[PDB]
Amino acid sequence: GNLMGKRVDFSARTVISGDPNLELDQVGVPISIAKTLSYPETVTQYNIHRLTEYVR
Amino acid sequence: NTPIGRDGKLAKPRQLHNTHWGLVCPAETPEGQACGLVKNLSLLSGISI
Amino acid sequence: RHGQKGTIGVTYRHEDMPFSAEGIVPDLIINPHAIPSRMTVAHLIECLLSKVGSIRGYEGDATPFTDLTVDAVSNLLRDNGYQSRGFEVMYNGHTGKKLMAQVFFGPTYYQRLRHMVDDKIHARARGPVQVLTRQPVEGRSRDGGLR
Amino acid sequence: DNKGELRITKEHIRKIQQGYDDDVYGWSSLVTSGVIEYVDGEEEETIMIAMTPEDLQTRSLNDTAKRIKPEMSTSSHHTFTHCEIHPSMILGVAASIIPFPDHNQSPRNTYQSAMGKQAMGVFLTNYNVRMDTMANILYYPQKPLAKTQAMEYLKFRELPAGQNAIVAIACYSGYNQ
Amino acid sequence: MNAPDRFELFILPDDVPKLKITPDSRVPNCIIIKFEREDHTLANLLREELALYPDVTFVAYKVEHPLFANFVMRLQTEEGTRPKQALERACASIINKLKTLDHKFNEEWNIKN
Amino acid sequence: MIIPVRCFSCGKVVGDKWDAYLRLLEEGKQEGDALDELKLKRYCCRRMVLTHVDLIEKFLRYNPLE
Amino acid sequence: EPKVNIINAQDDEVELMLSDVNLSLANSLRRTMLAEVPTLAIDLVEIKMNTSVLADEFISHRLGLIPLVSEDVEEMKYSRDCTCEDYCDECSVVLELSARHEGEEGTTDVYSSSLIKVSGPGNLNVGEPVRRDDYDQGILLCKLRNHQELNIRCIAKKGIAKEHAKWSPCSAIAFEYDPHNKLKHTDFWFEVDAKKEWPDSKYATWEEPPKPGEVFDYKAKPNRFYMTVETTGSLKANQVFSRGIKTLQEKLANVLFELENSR
Amino acid sequence: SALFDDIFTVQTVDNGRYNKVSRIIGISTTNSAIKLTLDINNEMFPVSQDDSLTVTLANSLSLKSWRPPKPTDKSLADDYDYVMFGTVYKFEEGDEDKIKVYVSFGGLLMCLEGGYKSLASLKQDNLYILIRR
Amino acid sequence: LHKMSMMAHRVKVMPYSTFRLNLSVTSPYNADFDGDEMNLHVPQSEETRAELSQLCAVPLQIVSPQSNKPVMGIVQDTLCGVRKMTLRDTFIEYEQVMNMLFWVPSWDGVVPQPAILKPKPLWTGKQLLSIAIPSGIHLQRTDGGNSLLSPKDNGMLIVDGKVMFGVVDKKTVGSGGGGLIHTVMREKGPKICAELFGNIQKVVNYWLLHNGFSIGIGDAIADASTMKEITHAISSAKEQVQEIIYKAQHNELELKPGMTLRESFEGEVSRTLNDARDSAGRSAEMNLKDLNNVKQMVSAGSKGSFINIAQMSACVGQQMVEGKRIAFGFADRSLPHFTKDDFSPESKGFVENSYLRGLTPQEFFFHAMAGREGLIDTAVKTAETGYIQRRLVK
RNA sequence: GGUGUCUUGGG
Ligand SMILES: [Mg+2]
Ligand SMILES: [Zn+2]
Ligand SMILES: [Zn+2]
């Protein structure tokens, strides 16, 4: 019920669609699901720039 | 419906046994679980008073 | 009306489609590969009958178990100046260069189905949890999560 | 010598056309009159059915257009005692909708009468007053062309739930795979 | 819902110029142009007009993905002509053909009436 | 519901052409001959009128919603 | 070099025979006459009162399509680029309609002819609804019964077809060239014989049949065409073509300028 | 730069499986025991039975991106009507003189045989072929 | 249901909210587009990023430890295309090929030398389909014991990376073991085998576009003559069945071992009718022309089969409800339409017609029963399969 | 921001 397999987070479900104009190892996320979820990136001595950008 | 329940997947009550010529419908019925049980009436079904 | 179901993959504006000679365009382009393994000839026979029904202008009798062949339909079709086995010469829309092959083509009857893309799409950052377990909650309408 | 012949002469169709007896006259009067009788799940054992009234007479070639009935090659003199009305009446209320059903593979009839019952459409002509949890009206409905002789009875043509679009069965740029 | 604005098909972006040029590195004297907000209606035409010229050696476009109003063209003439110049001459020619076409259709339409 | 604005596939205004069409039926015409007299040559338009079912008569028939 | 030959003409359909130009050029022209020829149509319904039986956005939808006499539309700046704020009478023509089946018996067909232009940057003959005849009632926007008042105001703006299917000036472009396959660009399906079944195109007589001993011309090209621009009336077919040409000139001019701009 | 030359009579030509490419079986007249089998494009070079061909095999049409040619420059091809390109893909030096060479012209094939002393130079990779008449 | 239902991917952000896949990967996901729905987890920190990046990104998943074969073949269209494109009689002008050489991402930037130079340059599909296949392969495969001359143009010999001859279909680039994709994988590692799929799909799609392809009703029709043959075949079938009974119900049939009189009687009759249908289908399959479509795909093997054509055109045969023939629901017959003790195949369900004619009544009802068994089966056996996999894993 | 059943569905 909950220790073998449990519900979890940072998921997403949907209906899928096929699109030959891609590579093979790529998947297409709609823009909303991309703005909803998130990846936690840690700041370094190389990439404060893009991160401030995402802030703005 | 038919309350044969689903304790007993003996696949006999699900097959369109041959007297359903004109008393129920071979095209209509649900799918997955209720398959074969949930029967529907032939467009000339008449039930007796 | 023969199970040939499936959803919209992409959208083209009015020109980029193919389009036959008279100016017709297509509306809704199934993919042939559906047909030969699904052995549903009714869908073709329908589209043919419809093309006839529109041209002469009356609703074609598709009562099963009747005496309507596939020929008699074909003749009635060709008498009105169309290829008697459905096809029409079609055109690419991006270069006008004829499509080397000839294409089936007609009006056929679809019917919308409920399961809309906004009755299943979903997400979850974090959010509401159960109390009995703190495991993230059940269902869609509640910022639920996946199993 | 009426033998072999049906009992509903054209007299009866004429009357049912007028709507009155030539000295109300509808279905139940047929039954009680003597031309249609009911058979249930059992008696349908001990009787005999010809498919359509065209097979009463011993019927009599080889053109590739029609379909193959059996000629009844057992008895040089048969004995029918019942003849169908019209066998397109074996389908269900959500299956006469399938146009040309019998040119199909049954798993498709099945997905049909399990999807047609989900069509957006126009269910009762008073959505204004009912206040229901769901409803869905499709803007511009259209009675379709591949009608049967039964949508003459399911009102599906006065109340459709589907549209007619130009279908072009042809792989185009691989988006429809 | 998440459809981009239905006018994202012709309005050029603010600082993304109408047409960005990138010099191709593989073979000599060949380049790339990234169009914006354009379709086959323009690319197909520019190509064919470049497909009749003598000094044009290889040129073609592709349309990355229809959910995106853009495409890209690749251009290579022989050792003599900077590709730029050829493209200009093609523009001149198509314009000129079309001006003539307009001219003749007006004249004809007034004759028919 | 009420006859559309544009034919679906092509795009030749069809709405107006509704009334006359019923009127033509009132003389004993044929849908083919009718449409032809209404000058609908392709079939895309010819289905946008040969099929169309007009509900709004019912939708009114309820005494005033007000 | 390129040439033109009208054949049958009126104000809506113009069966011309553009000859001695490429294939891509005819195709570009076709896409232009269907997409990028600006017209003028209803863009912001603002209902003030509805008592119909029809929904609101519905009548919004239909009015959003109506053909509008747009002969002068090309002197009226774009909606997103007018130096003013939201609609003034420089980049908009406003149309108000309001009928009311007053009297407690009968039906009222609120047509399109009832649309009265209120104002508009005149007297550019714009904004009006379009009429077949002058006794031409027109579109059938709604039916009303007792007390069912309807009262609506409309903005009308100038847009292209990439925006939507309502600035679609022309309806249904026909097309065909080389009706006798004499390029072998096609490959007729056939069971018994080719020449029987494929009925000959409405362009039989315009080119002469193939000779039997004729070999394949491996050098020929598609060199003639026949197209057929219809319009619902919103514009005059000759303006259709003339404006397709103007637009395409202007687009290529923009491109030439961009090249020179990098330069 | 011709690395061969001969004149052939075509004995049998079969379309059968195609509408544009037919297979020909050529035999020499200067010397039999040089059997030839070649596929050709009926729309770009029709032939008929019992006719003649003047076959030549070069390894460089001179007298790397293939552009279409200038009008002004000149070829070995300028004397023929069907100049195909292909690859030597089999060179089976069998018995005394059953030397079969298989060159493939991008789906087009070529069964060539004959005298060792004749074919022996054909151990190359690129063979133009210059049919005549 | 197997360690492919989970692979990484990479993200590209595209509007109009659904999920975008590529079409090489419908097969492991075993997911069509009839509305399948798929969960999409996310990593949350560095370690598990790197774990997905170096363990389960699809290139490392092409070869299954199931049957040491590829699993992600090429699917519906792109297959039927890349067959039609590389027949022998494909010729592609110069214009179109400039394009079809831009689309390839991996491409060098060097046109090939066109297999013809005069009268007017062409090219041949096999060359293009060779532009993709990266330099440095080999492959030899031989059906039918073909020569190195190859009249019917089957088999395959690919050298150095330029197809040399041969109709390419399922048996070579498909999911077949030791097919092309496998070989290039073994020979180059994954990343290249990844861009393989990209190259083949973009190419053959764009060419499929400018060609086009479709099906029509005619394709499933036969002329008169084939109908004469097929009707005669099934005629002789029912003749034999009448003879077989005139034996057995005259007490003359020879009993196979272990089967009583009736089991043998039925086993025979089934051999007879299915052989007959086989005959008919074989006639119709050998008969239809070449550019005809159904035959185009079957021979390309994208979808469909033989038995497909045997039914869409020729016949359907007997119908089967749990092995034996159609029982007698009622007493001594299948329906109230035939009399009692009528074993000849029309009664107990010899679906005689072919769809393109449309079944009778009785045949329609029988065929519905058969499909019903199919559904019951599909909705039940899955239960036991789920259970079994659960046990085996635990 | 209930929670528990049952019902109908989709793959
Ligand atoms: Mg599915
Ligand atoms: Zn129309
Ligand atoms: Zn303004």
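## Brief notes about the overall build of chain B
Next up, step 1: Assigned secondary structure in chain B consists of 0 helices and 0 strands.
Next up, step 2: In terms of its C-alpha atoms, chain B occupies a principal-axis envelope of roughly 30 × 25 × 20 Å.
Next up, step 3: For chain B, contacts bridging at least 24 residues in sequence account for 30% of all contacts bridging at least 6.

## What about the coordination of the magnesium ion (ligand 1)?
Next up, step 1: Within the protein, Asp34 of chain I (OD) and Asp34 of chain I (OD) serve as the donor atoms for the magnesium ion (ligand 1), at 2.3 Å.
Next up, step 2: Along the polypeptide, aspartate 34 of chain I turns up in the loop between strand 2 (19–21) and helix 1 (46–55).

## A word on the packing of aromatic side chains
Centre distance and the angle of the planes are the two values used to describe a pair of aromatic rings.
Next up, step 1: The tally for this structure, following the rule as stated, stands at 32 aromatic pairs over all chains.
Next up, step 2: Ring geometry for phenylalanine 19 of chain C against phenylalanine 175 of chain G: centres 6.2 Å apart, planes inclined by 70°, an arrangement best described as edge-to-face. One end of the pair, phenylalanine 19 of chain C, is in the segment before helix 1 (35–38); the other, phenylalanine 175 of chain G, is in strand 9 (residues 174–175), on a second chain.
Next up, step 3: For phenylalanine 19 of chain C, a relative accessible area of 2% translates into the label buried.
Next up, step 4: A relative accessible area of 2% places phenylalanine 175 of chain G in the buried class.
Next up, step 5: Geometrically, the ring pair formed by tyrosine 61 of chain E and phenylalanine 71 of chain E is edge-to-face, given 6.1 Å between the ring centres and 65° between the ring planes. Here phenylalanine 71 of chain E lies in the loop between strand 3 (56–62) and strand 4 (72–77) and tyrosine 61 of chain E lies in strand 3, a separation of 10 residues in the sequence. When sorted by exposure, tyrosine 61 of chain E lands in the same class as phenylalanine 71 of chain E, which is buried.
Next up, step 6: In this structure, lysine 158 of chain G is placed above the aromatic ring of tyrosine 78 of chain G, and the distance from its NZ or CZ to the ring centre is 5.9 Å.

## Looking at the protein's contact with RNA strand J
Next up, step 1: The local shell around RNA strand J consists of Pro30 of chain B, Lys5, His115, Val129 and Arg142 of chain C, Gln118 of chain D together with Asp32, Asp34, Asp36 and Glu37 of chain I.
Next up, step 2: A distance of 2.2 Å separates a phosphate oxygen of RNA strand J from a polar side-chain atom of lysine 5 of chain C.
Next up, step 3: In this structure, a sugar or linking oxygen belonging to RNA strand J sits 2.7 Å away from a side-chain N or O atom of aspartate 34 of chain I.

## So, the interface of chain C and chain D
Accessible area lost during the coming together of the parts is what is often quoted as the interface size.
Next up, step 1: If you look at the interface, chain C gives 56 residues, while chain D gives 50 residues.
Next up, step 2: Taken together, both faces of the contact between chain C and chain D bury some 5,200 Å²; the carbon and sulfur share is 61%.
Next up, step 3: Taken together, chain C and chain D are joined by 2 salt bridges.
Next up, step 4: A salt bridge links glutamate 59 of chain C to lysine 147 of chain D, with the shortest nitrogen-to-oxygen separation between them at 3.4 Å.
Next up, step 5: Taken together, the links from chain C to chain D amount to 26 residue pairs in polar contact.

## Brief notes about a negative patch on the surface
Next up, step 1: On the surface, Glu37, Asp40, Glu42 and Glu43 of chain D cluster together into a negatively charged patch.
Next up, step 2: Following the sequence through the fold, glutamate 42 of chain D ends up in the loop between helix 2 (27–33) and strand 1 (49–50).

## Quick notes on the arrangement of the chains
Next up, step 1: Ranking by contact count across 22 pairs of chains in contact places chains C and D at the top.
Next up, step 2: In this assembly chain A lies apart from chain B, the nearest approach of their C-alpha atoms being 21 Å.
Next up, step 3: Nothing in chain A touches chain F; the tightest C-alpha to C-alpha distance between them is still 25 Å.

Rules used throughout
Residues numbered from 1 in each chain as written, not as in the entry; some residues may be left out. Chains lettered and ligands numbered in written order. Part of a larger assembly, values for the part shown. Heavy atoms only, no water. Helix = DSSP H or I, 4+ residues; strand = E, 2+ residues; numbered from the N terminus. Contact = heavy atoms within 4.5 Å. Donors = N, O, S within 2.8 Å, 3.2 Å for Na, K, Ca; no water. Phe/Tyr/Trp six-rings, centres within 6.5 Å; stacked < 30°, edge-to-face > 60°. Buried < 20%, exposed > 50% of the residue type's maximum accessible area, 1.4 Å probe, protein only. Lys NZ or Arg CZ within 6 Å of the ring centre and 35° of its normal. Near = heavy atom within 4 Å. Polar contact = N/O pair within 3.5 Å; in protein donor to acceptor, adjacent residues only side chain to side chain. Buried area = accessible area lost by both parts, 1.4 Å probe. Salt bridge = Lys/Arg side-chain N within 4 Å of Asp/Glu carboxyl O. Patch = residues over 30% accessible without salt bridge, like charges linked within 9 Å, V, L, I, M, F, W, Y side chains within 5 Å. Areas by Shrake-Rupley, 256 points an atom, 1.4 Å probe, with all protein chains shown as cover. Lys, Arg positive; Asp, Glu negative; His and termini not counted. Charge placed at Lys NZ, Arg CZ, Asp CG, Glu CD.

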